[PDB]
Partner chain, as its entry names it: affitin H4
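Just the one chain here, the form deposited without its partner chain, laid out as structure tokens.
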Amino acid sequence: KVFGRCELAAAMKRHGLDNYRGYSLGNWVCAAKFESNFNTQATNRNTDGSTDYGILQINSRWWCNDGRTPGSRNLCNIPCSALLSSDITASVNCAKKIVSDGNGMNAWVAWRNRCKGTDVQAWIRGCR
């Protein structure tokens, strides 16, 4: 599923992401823009052999099990494939755990380099 900008904002808000760990909805929509271009089916392999999965590109190195990342953990206790569903519930639940892990949204390198400190409210501008 390729979400619309305000469609995804509304889905994140309904799953309790807005203001979560103090990160406004625009921060989450911006992160998803640059991680997945709003595509729930996005996957990208990392140089170390782990893979990032879904709307928020959650890494198999720590958070989901894809069965092919040696030495990884599954701290969200989910198959990585469940992070590719059109329903974003699993991705939100796991992102809440990631963003609580200590470094906030800096866990998302694309958030740090492309959203952090910018006018993230623009990402939810015009959304109902």
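Numbering follows the first chain given and starts at 1.
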Exercise for the section: Would you determine, from the values in the PDB entry, which of 65 to 73 and 36 to 44 has the greater average C-alpha temperature factor? Expected result: 65 to 73
Problem - Higher-scoring stretch by recorded Cα B factor average, 84 to 92 or 25 to 33 - result: 84 to 92
Problem - Record-listed C-alpha B factor of residue 112: chain third - result: middle
Practice task
Just say lowest, middle or highest third for the CA B-factor of residue 124 relative to the other modelled residues in its chain.
Solution key: highest
Fill in the blank from the handout: Here the Cα B-factor of residue 11, set against its chain, lands in the third termed middle
